[PDB]
Each structure stands twice: as C-alpha cells, then as structure tokens.
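Proteins come first, then strands; the chains are lettered A, B, ... in the order of their sequence lines, and each starts at number 1. Just so you know, these numbers use all the heavy atoms, side chains as well, and skip hydrogens, waters and symmetry mates.
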There are 4 protein chains.
Amino acid sequence: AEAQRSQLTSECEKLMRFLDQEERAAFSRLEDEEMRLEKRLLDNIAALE
Amino acid sequence: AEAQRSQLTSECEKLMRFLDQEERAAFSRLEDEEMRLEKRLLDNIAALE
Amino acid sequence: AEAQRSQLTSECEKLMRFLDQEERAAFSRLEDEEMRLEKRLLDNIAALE
Amino acid sequence: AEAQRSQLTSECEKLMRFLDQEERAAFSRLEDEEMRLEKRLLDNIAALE
C-alpha cells in the first residue's frame, strides 16, 4: 500500500510540474501575441487623423 | 500644444486600459483551456494501468 | 488497492483544482496591481515637462 | 504639431513596451512562487495520514 501511495503521490507531483511548464510556456506565447496586438493597434491608430 | 499633449496623453491611457481588459480576458480564457487540458490528461492517465 | 488508487487519484485532481483557483485569483490580483502601477507611472510622466 | 504627435505617440509605445517587460517578469516571478506553494502543500499533504 505504501508502495502504491508513494508512487501515486510522486505521479501527482510529476503531472503537476509538467502542466506547470506547459502552462508557463502557453502564457509566454500569449504575452508575445498580446505585444504584437498592441503594436498593430498603436500603429493603426497613429495612421488615422 | 497643451491641448494636443493633454489629448494625446489621455489617448495613451485609454489605449492602455482597453488593452489591459482585452488581455485580462484572454488570460481568463487561457486558464479555462488549461484547466480542461489538466482534466483530460488526468483522466487519460487514470484510465491507463 | 483499487480503493487506494481511486482515492489518491481523486485527491490529485482536487489538489490541482484548488491550486488552479488560488493561482487564478493571485493572477487577477497581480493584474490589479499592474494596472495601478501603469496609472501612477503615466500620471508621473504627464506631470513632467 | 506633427513633431509633438510623433513624439507623444512614440512615448506611448515606449511606455507600453516597458510596462510589458516589467509585467512579463512579475508574472514569471508569481509562477515561481506558485510552484513553490504547490510543492510545500503536496509535501505537507503527503506527510499526513
């Protein structure tokens, strides 16, 4: 049982850490797109008068 | 000139606030997708033995 | 054993969901502080000439 | 006037980009703290039986 509980707990941790990395990267990528969005909009507004 | 500077500054602020809202919503939506991702993966792992 | 594995898996899920909520709230709160930061800085810059 | 508008627009852009960097870093740092939080909690739960 302790064998199981030790294993299932460590599986939980590994799962959570994997998801943390995937999520941290997905964030970075969103921030990248948002910065491109801000640039286009600022330029589009500057061009209008 | 002061008329301009007052106007262009306020335009900056409004732009930044708009982008803040759009970005805050895009975040929420990402967090939603990530939670669905975690659920599917956890279920897929639980089903394997 | 299946009793254990079912229980430990569900504990994993509940832990992950709890952390998801706590983290989503911590984000919201950061975004709040960042918006206050942008306001102060914009005002401080506008005041300088 | 065009001199002003060109300058104030570029100031807007630089401000927004600076805040983007500061904010992206503040995020990274939060994600770091959250990962430490998850580790402590998981360990604290594993220790209880």
Show me the donor-acceptor pairs within less than 3.5 Å that the side chains of residues 21-31 of chain A make with the rest of the protein, sequence neighbours left out.
unit_1, atom_1, unit_2, atom_2, d
A:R24, NH1, D:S28, OG, 3.4
A:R24, NH1, D:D32, OD1, 3.4
A:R24, NH2, D:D32, OD1, 2.7
A:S28, OG, D:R24, NH1, 3.4

Side-chain (B:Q4) to main-chain (D:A1) donor-acceptor, under 3.5 angstrom: yes
Selection residues 14-49 of chain C - residue pairs positive for disulfide bond (SG atoms under 2.5 Å apart), sequence neighbours left out: none
Qualifying disulfide bond (SG atoms under 2.5 Å apart) pairs, either residue in residues 18-49 of chain C, two or more places apart: none
Disulfide bond (SG atoms under 2.5 Å apart) contacts touching residues 13-49 of chain C (sequence neighbours left out): none
Throw together a table of side-chain donor-acceptor distances under 3.5 angstrom for residues 8-19 of chain A, partners on residues two or more places apart or in other chains.
unit_1, atom_1, unit_2, atom_2, d
A:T9, OG1, A:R5, O, 2.9
A:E13, OE1, D:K39, NZ, 2.9

Derivation and outcome, side chain to side chain contact (heavy atoms under 4.5 Å, CB included), residues D:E38 and D:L41: CA-CA 5 Å; D:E38 301 169 0; D:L41 175 53; 6.0 Å; no
Gap between atom CD of A:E34 and atom CG of B:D20 - 0.5 Å precision: 10.5 Å
Members besides D:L48 in its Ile/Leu/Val/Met/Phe/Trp/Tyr cluster (side-chain heavy atoms under 4.5 Å): none
